[PDB]
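To start, the structure itself, in structure tokens.
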Amino acid sequence: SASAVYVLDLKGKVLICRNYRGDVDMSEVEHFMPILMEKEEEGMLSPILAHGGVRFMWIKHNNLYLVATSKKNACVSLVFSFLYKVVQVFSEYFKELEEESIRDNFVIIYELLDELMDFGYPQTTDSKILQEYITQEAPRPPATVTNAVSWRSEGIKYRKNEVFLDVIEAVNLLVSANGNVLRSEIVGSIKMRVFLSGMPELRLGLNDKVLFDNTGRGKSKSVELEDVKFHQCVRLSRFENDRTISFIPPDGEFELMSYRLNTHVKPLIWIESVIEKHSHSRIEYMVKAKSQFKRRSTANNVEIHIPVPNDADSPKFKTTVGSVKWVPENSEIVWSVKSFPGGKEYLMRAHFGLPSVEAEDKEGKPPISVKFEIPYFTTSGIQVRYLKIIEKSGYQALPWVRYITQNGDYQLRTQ
Amino acid sequence: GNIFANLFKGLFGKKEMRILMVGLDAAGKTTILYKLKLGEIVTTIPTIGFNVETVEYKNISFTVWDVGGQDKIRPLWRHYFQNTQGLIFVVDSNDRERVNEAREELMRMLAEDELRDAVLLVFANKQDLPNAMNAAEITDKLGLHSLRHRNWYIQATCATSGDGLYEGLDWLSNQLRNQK
Amino acid sequence: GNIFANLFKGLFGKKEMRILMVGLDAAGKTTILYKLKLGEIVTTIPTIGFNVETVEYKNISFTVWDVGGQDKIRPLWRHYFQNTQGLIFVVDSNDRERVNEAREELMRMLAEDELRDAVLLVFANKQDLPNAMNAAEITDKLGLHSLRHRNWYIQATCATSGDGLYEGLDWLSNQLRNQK
Amino acid sequence: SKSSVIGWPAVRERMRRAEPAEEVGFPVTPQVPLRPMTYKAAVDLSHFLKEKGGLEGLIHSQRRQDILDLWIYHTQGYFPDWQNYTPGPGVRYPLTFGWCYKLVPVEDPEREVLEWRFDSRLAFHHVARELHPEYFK
Amino acid sequence: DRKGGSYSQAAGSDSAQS
Ligand SMILES: Nc1nc2c(ncn2[C@@H]2O[C@H](COP(=O)(O)OP(=O)(O)OP(=O)(O)O)[C@@H](O)[C@H]2O)c(=O)[nH]1
Ligand SMILES: Nc1nc2c(ncn2[C@@H]2O[C@H](COP(=O)(O)OP(=O)(O)OP(=O)(O)O)[C@@H](O)[C@H]2O)c(=O)[nH]1
Ligand SMILES: [Mg+2]
Ligand SMILES: [Mg+2]
């Protein structure tokens, strides 16, 4: 229940503001910057600010803080969801999120803000629906918003019915300094870019453990996602009733389902680091990377980031496979490898000097993270069974899907 | 099919072979691998991860994958156990307290069904002080003579001197390659 | 790439080399550095900080960074240890009480992993009185013969006379440069 | 299917070698479609196995069934889930409709000896579906 | 070709589930 949502700037200037209830004065935005500065200097800065009896909830955007001032005890989660929807709509309409587009599309930006929410209650949240009624280059509102199906616009015609799916896998491993993995969770991502004619109702079917157990086929390799979230077009009733993933696919790229469950398998890449750091004399980087993934899968664009000393200079890299580049801005050395086949063993030996004068304050030990991304690999083993594409007119669809395995929160605690 | 190309390759030498570098920390495994690859006693930081190197001798490139004896790196030796044909254990005769730990690690490594075709390779590291044992006391303490179905040989090699590395390499080649 | 410019530079002499000036106070280190740079016995105040000078001999500019033996300046020698290729220790054979302090300072300087490529350079300073020891007694007392992996040579040089400085410079050049 | 005919003898030999009673990851062939075996496809596979032999009368085993399913998936891309047996005790009907192969006793359900037997009526009669309507949805 | 895994054809439903 934010009183007014406004877009700020890096210098405190409000790029654009739009009051929705009028219960909060527009002059409260000026005091938001001093409050944020005081909070940052004291460690008490939070996204939800508080200016007396009015709370100024702000979200750190790409270039401006989306401050949504509120007065009463409005839904904080609702305000955050509205801000996220507004950010997504702006990203869809404008490819750049900065001051260049804030002051360049004000005529359409004001109309979009007015149409999105009224009296603090959001009304329009579909990017396609908003673009079909408000454009920067007006007819009556589309019937899709009024109709029940607000995620599948009717009347869409295409020459070919091709849908491109993406089995995105995020391998996150939380390995402590002792060598044991604490947080090892893999989050699935079933995103399909449906581009067909009409409003087909997708019938999602995969090798789900629950579905296999219900059907009596709980003996093969089935993916048991701890948390499964359906898309907006996905009908929750069918999933709760018999796990039937039946919903109208959206026009374009959208996230249908996103699995999320813990992983009990060995890490895809095993990286062991050795720190032979002398006392203000030199530093040793005994970094050894072992590929725990299958040899048939290659980790393309593998970049194992090893944090080097903050004051370290004149470093020498003695590795075997993969180029090592030291970035002064990042204050770390990334063991970048173009192609990392499974089972490969890469050994590196870093050596650099240190300044004679000791550092005044400590810099910490940031965890070492790798950027391995091996496509065409299904670590979870979940295989899609079928995709029920049904249309009233009747057409032969040719859906496609690709499985991509990447490294997410794969951070290894430093020694 | 025709095997003329294989015969031509084998006439001038085609066999390479493999080897493993495992053992307790500070047992000369890294020094042994450096001597096998380079041939000098170079001081290096402890092997937090693993060291990969290859040594060419007798027309065979016996690649050795050095593995540290650290607690965080001891369980990582299973990653190199896949597609591995040899296994070399680094003993620390000068570390009586760590002798039991090294023996336990060797028994754990040899107690795996996957590591069955790799013969035992025990090198009496730290053979530079009078406290170092002989080639029979170390084997008796480690119980290598009771390891049936494993070609384990006790060899004394000093990292500083380099003597005994050739004997160990020859023993490993004989265990792996059984040709003329 | 082309190394024609490097060969042309080396044909007429391009190597310079480096050197260090360390030792106990009143040990002739400042006098030795002045003789190397200028060549005269000039009286100077104690080196509270450090003295920087360069000497060109045999087509090599062996720069010597003189360091005082003061208590407040003894720990400051670590600043010059960075990017240093040589190390020269100034001994005081006429200071029996300070001989132990000089030996301890030399051992502390040589007991650092950073100062490993610099060979030992011990100059028998104060070689003008009968109380000065020979080139073997000073080395035996300082234990330079037991310093393995270090090219330490004992040379007797008198600041007032200037004899023996050429021998020490030649020894340092031979230790650093190993060419024709 | 020349590839299927070639793989049938090797699959039969592997099944016979395995008694009746190392690499991690899940690699996937690029561009190879994956879908469950159809009723017509299951019937064709059962007929081919019966004609070539090695499937009817063979002692049913978990290892042999897994090897056969893996060979079928490699040869045609069919998921190794349609070659399921009906719950015991007794003769287990094919899990997927259209399958002409079923497991019947040859003498705890696990200790019972099962043998693969051809069943033409299985492809036309949903005996497994009738026995377990809940499992059929 | 495309990085991250080539696109593969998808079925319509579980043919073995009837
Ligand atoms: N100086 C010396 N060290 C020896 C000798 N024999 C064995 N060593 C040991 O060899 C070690 C060499 O260290 P590394 O190169 O790291 O190889 P490592 O023994 O496997 O140690 P890690 O790599 O950390 O597992 C030294 O720490 C010594 O403890 C010897 O004869 N002389
Ligand atoms: N008069 C004389 N002094 C000598 C002789 N040999 C060594 N010395 C010493 O050399 C010292 C010269 O002083 P400095 O020029 O300051 O050099 P230093 O000995 O390193 O003293 P600090 O620079 O303060 O560390 C004198 O104090 C003497 O103690 C010598 O033969 N005759
Ligand atoms: Mg090592
Ligand atoms: Mg001086």
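Identifiers in the structure tokens: chain A, B, ... in order shown; residue index from 1 per chain; ligand index from 1 in order shown.
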
Within 7 Å of ligand 2, counting only C-alpha atoms and all ligand atoms, which protein or nucleic acid residues do you find, written as number ranges by chain?
C: 23-31, 43-48, 67-70, 125-128, 158-161

List the neighbours of residue 155 in chain C out to 8 Å using only C-alpha atoms; skip same-chain residues closer than 4 positions along the sequence, and give me the result as a VMD selection string.
chain C and resid 122 to 124 135 164 167 to 168

Produce a file of the selected residues containing C-alpha atoms, as a short mmCIF file (atom, residue, chain, number, x, y, z; two decimals), in the first residue's frame.
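Generated output (again20.cif):
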```cif
data_model
loop_
_atom_site.label_atom_id
_atom_site.label_comp_id
_atom_site.auth_asym_id
_atom_site.auth_seq_id
_atom_site.Cartn_x
_atom_site.Cartn_y
_atom_site.Cartn_z
CA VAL C 122 81.48 -10.82 4.48
CA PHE C 123 84.19 -8.13 4.54
CA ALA C 124 86.78 -8.20 7.33
CA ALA C 135 90.24 -14.52 6.78
CA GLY C 164 90.99 -6.03 -0.46
CA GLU C 167 89.05 -8.70 -4.37
CA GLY C 168 85.64 -8.41 -2.72
#
```

Write out as a list in words every residue belonging to chain B that has an atom at most 10 Å from any atom of chain A, counting only C-alpha atoms.
residues 44, 45, 46, 47, 48, 49, 50, 51, 52, 53, 65, 66, 67, 68, 70, 71, 72, 73, 74, 75, 76, 77, 78, 79, 80, 82 and 83 of chain B

Output C-alpha atoms for every residue in that selection, as a PDB file, in the first residue's frame.
```
ATOM      1  CA  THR B  44      56.992 -25.571  -3.407  1.00  0.00           C
ATOM      2  CA  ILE B  45      53.939 -24.619  -1.356  1.00  0.00           C
ATOM      3  CA  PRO B  46      51.764 -27.475  -0.035  1.00  0.00           C
ATOM      4  CA  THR B  47      49.551 -29.079  -2.671  1.00  0.00           C
ATOM      5  CA  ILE B  48      46.106 -27.817  -1.666  1.00  0.00           C
ATOM      6  CA  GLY B  49      44.569 -29.440  -4.742  1.00  0.00           C
ATOM      7  CA  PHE B  50      46.524 -31.768  -7.016  1.00  0.00           C
ATOM      8  CA  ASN B  51      49.546 -31.719  -9.315  1.00  0.00           C
ATOM      9  CA  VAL B  52      49.460 -33.153 -12.845  1.00  0.00           C
ATOM     10  CA  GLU B  53      52.699 -33.989 -14.657  1.00  0.00           C
ATOM     11  CA  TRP B  65      49.021 -37.211 -10.816  1.00  0.00           C
ATOM     12  CA  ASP B  66      50.385 -35.859  -7.539  1.00  0.00           C
ATOM     13  CA  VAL B  67      47.849 -35.735  -4.701  1.00  0.00           C
ATOM     14  CA  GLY B  68      48.413 -33.857  -1.462  1.00  0.00           C
ATOM     15  CA  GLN B  70      46.084 -32.617   3.402  1.00  0.00           C
ATOM     16  CA  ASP B  71      42.848 -33.413   5.216  1.00  0.00           C
ATOM     17  CA  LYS B  72      40.827 -31.334   2.744  1.00  0.00           C
ATOM     18  CA  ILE B  73      42.701 -32.931  -0.183  1.00  0.00           C
ATOM     19  CA  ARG B  74      42.819 -36.528   1.092  1.00  0.00           C
ATOM     20  CA  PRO B  75      39.180 -37.277   0.116  1.00  0.00           C
ATOM     21  CA  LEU B  76      39.763 -35.625  -3.282  1.00  0.00           C
ATOM     22  CA  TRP B  77      41.952 -38.536  -4.428  1.00  0.00           C
ATOM     23  CA  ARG B  78      38.798 -40.411  -5.480  1.00  0.00           C
ATOM     24  CA  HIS B  79      38.362 -37.962  -8.371  1.00  0.00           C
ATOM     25  CA  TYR B  80      41.682 -39.096  -9.864  1.00  0.00           C
ATOM     26  CA  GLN B  82      38.597 -42.732 -12.305  1.00  0.00           C
ATOM     27  CA  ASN B  83      40.454 -43.731 -15.482  1.00  0.00           C
TER      28      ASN B  83
END
```

Excluding range 129-144 of chain A and its own-chain neighbours fewer than 4 positions away, which residues fall within 8 Å of it when counting only C-alpha atoms? Please give them as a PyMOL selection string.
chain A and resi 93+105+107-108+111-112+124-125+148-154

With N, CA, C and O atoms retained, could you export that selection as a PDB file, in the first residue's frame?
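Saved the output as out.pdb:
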```pdb
ATOM      1  N   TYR A  93      10.000  -2.913 -22.148  1.00  0.00           N
ATOM      2  CA  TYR A  93       9.760  -1.779 -23.035  1.00  0.00           C
ATOM      3  C   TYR A  93      11.060  -1.086 -23.425  1.00  0.00           C
ATOM      4  O   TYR A  93      11.259  -0.742 -24.596  1.00  0.00           O
ATOM      5  N   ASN A 105      11.598   8.633 -22.499  1.00  0.00           N
ATOM      6  CA  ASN A 105      10.267   8.083 -22.727  1.00  0.00           C
ATOM      7  C   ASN A 105       9.314   8.505 -21.619  1.00  0.00           C
ATOM      8  O   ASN A 105       8.552   7.694 -21.084  1.00  0.00           O
ATOM      9  N   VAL A 107       6.738  10.616 -21.861  1.00  0.00           N
ATOM     10  CA  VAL A 107       5.352  10.698 -22.322  1.00  0.00           C
ATOM     11  C   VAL A 107       4.670   9.340 -22.211  1.00  0.00           C
ATOM     12  O   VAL A 107       3.529   9.233 -21.746  1.00  0.00           O
ATOM     13  N   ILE A 108       5.358   8.281 -22.640  1.00  0.00           N
ATOM     14  CA  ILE A 108       4.812   6.936 -22.497  1.00  0.00           C
ATOM     15  C   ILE A 108       5.017   6.379 -21.095  1.00  0.00           C
ATOM     16  O   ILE A 108       4.214   5.553 -20.642  1.00  0.00           O
ATOM     17  N   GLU A 111       2.070   7.455 -18.879  1.00  0.00           N
ATOM     18  CA  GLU A 111       0.873   6.688 -19.211  1.00  0.00           C
ATOM     19  C   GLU A 111       0.966   5.261 -18.686  1.00  0.00           C
ATOM     20  O   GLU A 111      -0.012   4.724 -18.152  1.00  0.00           O
ATOM     21  N   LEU A 112       2.135   4.630 -18.832  1.00  0.00           N
ATOM     22  CA  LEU A 112       2.310   3.273 -18.324  1.00  0.00           C
ATOM     23  C   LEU A 112       2.169   3.228 -16.808  1.00  0.00           C
ATOM     24  O   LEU A 112       1.552   2.306 -16.263  1.00  0.00           O
ATOM     25  N   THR A 124      -2.663  -3.549 -14.059  1.00  0.00           N
ATOM     26  CA  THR A 124      -2.081  -4.129 -15.261  1.00  0.00           C
ATOM     27  C   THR A 124      -0.645  -4.537 -14.966  1.00  0.00           C
ATOM     28  O   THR A 124       0.145  -3.727 -14.469  1.00  0.00           O
ATOM     29  N   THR A 125      -0.312  -5.793 -15.272  1.00  0.00           N
ATOM     30  CA  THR A 125       1.031  -6.302 -15.036  1.00  0.00           C
ATOM     31  C   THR A 125       1.601  -7.117 -16.188  1.00  0.00           C
ATOM     32  O   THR A 125       2.753  -7.553 -16.096  1.00  0.00           O
ATOM     33  N   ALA A 148     -10.424 -14.203 -18.705  1.00  0.00           N
ATOM     34  CA  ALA A 148      -9.713 -15.021 -17.729  1.00  0.00           C
ATOM     35  C   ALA A 148      -8.281 -15.299 -18.171  1.00  0.00           C
ATOM     36  O   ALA A 148      -7.355 -15.266 -17.352  1.00  0.00           O
ATOM     37  N   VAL A 149      -8.078 -15.575 -19.458  1.00  0.00           N
ATOM     38  CA  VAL A 149      -6.750 -15.874 -19.980  1.00  0.00           C
ATOM     39  C   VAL A 149      -6.005 -14.571 -20.243  1.00  0.00           C
ATOM     40  O   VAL A 149      -6.095 -14.000 -21.336  1.00  0.00           O
ATOM     41  N   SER A 150      -5.268 -14.094 -19.243  1.00  0.00           N
ATOM     42  CA  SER A 150      -4.493 -12.867 -19.360  1.00  0.00           C
ATOM     43  C   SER A 150      -3.035 -13.113 -19.720  1.00  0.00           C
ATOM     44  O   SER A 150      -2.268 -12.151 -19.831  1.00  0.00           O
ATOM     45  N   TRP A 151      -2.634 -14.370 -19.905  1.00  0.00           N
ATOM     46  CA  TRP A 151      -1.257 -14.708 -20.243  1.00  0.00           C
ATOM     47  C   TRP A 151      -1.119 -15.319 -21.631  1.00  0.00           C
ATOM     48  O   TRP A 151      -0.006 -15.683 -22.029  1.00  0.00           O
ATOM     49  N   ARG A 152      -2.216 -15.440 -22.378  1.00  0.00           N
ATOM     50  CA  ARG A 152      -2.188 -15.995 -23.732  1.00  0.00           C
ATOM     51  C   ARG A 152      -3.156 -15.174 -24.578  1.00  0.00           C
ATOM     52  O   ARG A 152      -4.375 -15.350 -24.482  1.00  0.00           O
ATOM     53  N   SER A 153      -2.612 -14.280 -25.399  1.00  0.00           N
ATOM     54  CA  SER A 153      -3.444 -13.443 -26.251  1.00  0.00           C
ATOM     55  C   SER A 153      -3.994 -14.264 -27.410  1.00  0.00           C
ATOM     56  O   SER A 153      -3.248 -14.972 -28.094  1.00  0.00           O
ATOM     57  N   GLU A 154      -5.302 -14.168 -27.629  1.00  0.00           N
ATOM     58  CA  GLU A 154      -5.947 -14.891 -28.712  1.00  0.00           C
ATOM     59  C   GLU A 154      -5.757 -14.155 -30.036  1.00  0.00           C
ATOM     60  O   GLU A 154      -5.435 -12.964 -30.078  1.00  0.00           O
TER      61      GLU A 154
END
```

Please provide the set of residues having any atom within 9 Å of range 54-60 of chain D, restricted to only C-alpha atoms, with same-chain residues fewer than 5 positions apart removed, written as a PyMOL selection string.
chain D and resi 8-9+11-13+15-16+19-21+46+49+65+101-104+106+113-118

Would you mind exporting the chosen residues as an mmCIF file, in the first residue's frame, restricted to N, CA, C and O atoms?
```
data_model
loop_
_atom_site.group_PDB
_atom_site.id
_atom_site.type_symbol
_atom_site.label_atom_id
_atom_site.label_comp_id
_atom_site.auth_asym_id
_atom_site.auth_seq_id
_atom_site.Cartn_x
_atom_site.Cartn_y
_atom_site.Cartn_z
ATOM 1 N N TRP D 8 20.316 -56.472 -31.589
ATOM 2 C CA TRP D 8 19.589 -57.577 -30.969
ATOM 3 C C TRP D 8 20.491 -58.739 -30.583
ATOM 4 O O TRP D 8 20.349 -59.258 -29.462
ATOM 5 N N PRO D 9 21.411 -59.202 -31.434
ATOM 6 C CA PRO D 9 22.282 -60.313 -31.012
ATOM 7 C C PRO D 9 23.187 -59.965 -29.844
ATOM 8 O O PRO D 9 23.349 -60.777 -28.924
ATOM 9 N N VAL D 11 22.621 -57.660 -27.537
ATOM 10 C CA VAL D 11 21.773 -57.527 -26.355
ATOM 11 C C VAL D 11 21.389 -58.897 -25.811
ATOM 12 O O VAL D 11 21.399 -59.125 -24.595
ATOM 13 N N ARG D 12 21.034 -59.828 -26.702
ATOM 14 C CA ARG D 12 20.685 -61.176 -26.265
ATOM 15 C C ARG D 12 21.873 -61.872 -25.615
ATOM 16 O O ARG D 12 21.720 -62.555 -24.596
ATOM 17 N N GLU D 13 23.067 -61.715 -26.193
ATOM 18 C CA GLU D 13 24.260 -62.317 -25.606
ATOM 19 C C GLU D 13 24.558 -61.728 -24.233
ATOM 20 O O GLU D 13 24.921 -62.457 -23.302
ATOM 21 N N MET D 15 22.360 -60.384 -22.163
ATOM 22 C CA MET D 15 21.338 -60.872 -21.242
ATOM 23 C C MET D 15 21.610 -62.312 -20.826
ATOM 24 O O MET D 15 21.442 -62.671 -19.655
ATOM 25 N N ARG D 16 22.024 -63.155 -21.776
ATOM 26 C CA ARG D 16 22.335 -64.544 -21.452
ATOM 27 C C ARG D 16 23.545 -64.644 -20.530
ATOM 28 O O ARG D 16 23.567 -65.475 -19.615
ATOM 29 N N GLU D 19 23.715 -63.395 -15.006
ATOM 30 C CA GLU D 19 23.024 -64.427 -14.254
ATOM 31 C C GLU D 19 21.580 -64.004 -13.984
ATOM 32 O O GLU D 19 21.291 -62.815 -13.830
ATOM 33 N N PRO D 20 20.652 -64.963 -13.937
ATOM 34 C CA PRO D 20 19.256 -64.606 -13.637
ATOM 35 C C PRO D 20 19.069 -63.956 -12.280
ATOM 36 O O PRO D 20 18.190 -63.097 -12.130
ATOM 37 N N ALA D 21 19.866 -64.336 -11.286
ATOM 38 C CA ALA D 21 19.756 -63.759 -9.952
ATOM 39 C C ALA D 21 21.102 -63.216 -9.481
ATOM 40 O O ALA D 21 21.716 -62.386 -10.151
ATOM 41 N N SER D 46 8.124 -55.933 -29.366
ATOM 42 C CA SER D 46 7.824 -57.269 -28.862
ATOM 43 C C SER D 46 7.812 -58.294 -29.988
ATOM 44 O O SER D 46 8.336 -59.404 -29.833
ATOM 45 N N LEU D 49 11.408 -58.949 -31.032
ATOM 46 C CA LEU D 49 12.085 -59.784 -30.045
ATOM 47 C C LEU D 49 11.628 -61.234 -30.141
ATOM 48 O O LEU D 49 12.441 -62.158 -30.028
ATOM 49 N N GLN D 65 16.649 -56.932 -17.567
ATOM 50 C CA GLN D 65 15.639 -55.956 -17.962
ATOM 51 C C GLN D 65 16.247 -54.571 -18.138
ATOM 52 O O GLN D 65 15.912 -53.853 -19.088
ATOM 53 N N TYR D 101 5.315 -58.473 -24.410
ATOM 54 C CA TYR D 101 6.155 -59.235 -23.499
ATOM 55 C C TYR D 101 5.649 -59.067 -22.073
ATOM 56 O O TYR D 101 5.298 -57.959 -21.654
ATOM 57 N N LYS D 102 5.618 -60.171 -21.331
ATOM 58 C CA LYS D 102 5.172 -60.156 -19.947
ATOM 59 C C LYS D 102 5.976 -61.180 -19.162
ATOM 60 O O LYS D 102 6.538 -62.122 -19.726
ATOM 61 N N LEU D 103 6.021 -60.985 -17.848
ATOM 62 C CA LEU D 103 6.768 -61.852 -16.947
ATOM 63 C C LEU D 103 5.794 -62.750 -16.198
ATOM 64 O O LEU D 103 4.813 -62.267 -15.623
ATOM 65 N N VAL D 104 6.068 -64.051 -16.207
ATOM 66 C CA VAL D 104 5.213 -65.030 -15.539
ATOM 67 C C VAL D 104 6.083 -65.936 -14.676
ATOM 68 O O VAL D 104 7.282 -66.089 -14.953
ATOM 69 N N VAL D 106 7.949 -69.192 -13.147
ATOM 70 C CA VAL D 106 8.513 -70.388 -13.763
ATOM 71 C C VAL D 106 8.656 -71.555 -12.799
ATOM 72 O O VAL D 106 8.994 -72.663 -13.243
ATOM 73 N N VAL D 113 10.813 -66.804 -9.129
ATOM 74 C CA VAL D 113 11.488 -66.817 -10.421
ATOM 75 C C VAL D 113 10.495 -66.398 -11.497
ATOM 76 O O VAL D 113 9.396 -66.957 -11.597
ATOM 77 N N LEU D 114 10.878 -65.413 -12.303
ATOM 78 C CA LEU D 114 10.034 -64.897 -13.369
ATOM 79 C C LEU D 114 10.718 -65.107 -14.713
ATOM 80 O O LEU D 114 11.947 -65.057 -14.818
ATOM 81 N N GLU D 115 9.908 -65.347 -15.740
ATOM 82 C CA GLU D 115 10.400 -65.564 -17.092
ATOM 83 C C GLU D 115 9.570 -64.743 -18.066
ATOM 84 O O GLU D 115 8.346 -64.653 -17.931
ATOM 85 N N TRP D 116 10.243 -64.146 -19.046
ATOM 86 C CA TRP D 116 9.550 -63.348 -20.047
ATOM 87 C C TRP D 116 8.785 -64.264 -20.994
ATOM 88 O O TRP D 116 9.339 -65.234 -21.520
ATOM 89 N N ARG D 117 7.509 -63.955 -21.209
ATOM 90 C CA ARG D 117 6.646 -64.749 -22.071
ATOM 91 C C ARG D 117 5.905 -63.829 -23.028
ATOM 92 O O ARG D 117 5.424 -62.763 -22.631
ATOM 93 N N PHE D 118 5.818 -64.245 -24.288
ATOM 94 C CA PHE D 118 5.087 -63.474 -25.282
ATOM 95 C C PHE D 118 3.592 -63.504 -24.981
ATOM 96 O O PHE D 118 3.040 -64.523 -24.556
#
```

Computed interatomic separation between CA of residue 32 in chain A and CA of residue 74 in chain A (Å):
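Result for CA of residue 32 in chain A versus CA of residue 74 in chain A: 18.7 Å, one decimal.
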
May I ask you to extract the residues of chain E within 7 Å of chain D, using only C-alpha atoms, and to give them as a PDB file with C-alpha atoms, in the first residue's frame?
```
ATOM      1  CA  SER E   6      21.590 -28.373 -28.868  1.00  0.00           C
ATOM      2  CA  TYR E   7      17.810 -28.223 -29.118  1.00  0.00           C
ATOM      3  CA  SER E   8      16.097 -31.617 -29.144  1.00  0.00           C
ATOM      4  CA  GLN E   9      12.619 -32.654 -30.228  1.00  0.00           C
ATOM      5  CA  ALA E  10      10.003 -33.212 -27.527  1.00  0.00           C
ATOM      6  CA  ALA E  11       7.139 -35.698 -27.487  1.00  0.00           C
ATOM      7  CA  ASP E  14       3.913 -40.481 -22.084  1.00  0.00           C
ATOM      8  CA  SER E  15       3.021 -43.050 -24.740  1.00  0.00           C
ATOM      9  CA  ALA E  16       3.748 -45.891 -22.291  1.00  0.00           C
ATOM     10  CA  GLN E  17       1.233 -44.521 -19.755  1.00  0.00           C
ATOM     11  CA  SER E  18      -1.795 -44.954 -22.032  1.00  0.00           C
TER      12      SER E  18
END
```

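For range 109-173 of chain C, the set of residues given strand (DSSP E) by DSSP on the backbone reads residues 121, 122, 123, 124, 125, 153, 154, 155 and 156 of chain C.
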
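Residues with any atom within 9 Å of residue 8 in chain A, counting only C-alpha atoms and excluding same-chain neighbours fewer than 4 positions away, are residues 12, 13, 14, 15, 16, 17, 29, 63, 64, 65, 66 and 67 of chain A.
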
Could you please determine the separation between CA of residue 166 in chain C and CA of residue 39 in chain C in Å, to one decimal place?
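Computing the Euclidean distance for CA of residue 166 in chain C and CA of residue 39 in chain C yields 11.3 Å.
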
Near chain E, meaning an atom within 10 Å, which residues of chain A appear when counting only C-alpha atoms? Write them as number ranges by chain.
A: 163-168, 202-207, 212, 215-217, 299-300, 373-377, 384-390, 397-406

DSSP on the backbone, then: every residue of range 32-179 of chain C marked alpha helix (DSSP H), written as a PyMOL selection string.
chain C and resi 32-37+77-80+96-110+137-142+165-176

Tell me, in Å to one decimal, how far CA of residue 115 in chain C is from CA of residue 364 in chain A.
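Taking CA of residue 115 in chain C as the start and CA of residue 364 in chain A as the end point, the length is 28.3 Å.
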
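Closest to chain D among A:52, A:200, A:218, A:250 is A:218, based on only C-alpha atoms.
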
List the spatial neighbours of residue 59 in chain C as a PyMOL selection string - criterion: any atom at most 8 Å away, only C-alpha atoms, same-chain residues fewer than 3 positions off excluded.
chain C and resi 13-16+56

Need the shell around range 97-113 of chain B: protein/DNA/RNA residues with any atom at most 8 Å away, counting only C-alpha atoms. Skip same-chain ones fewer than 5 positions apart. Format as JSON, numbers by chain?
{"B": [23, 24, 89, 90, 91, 92, 142]}
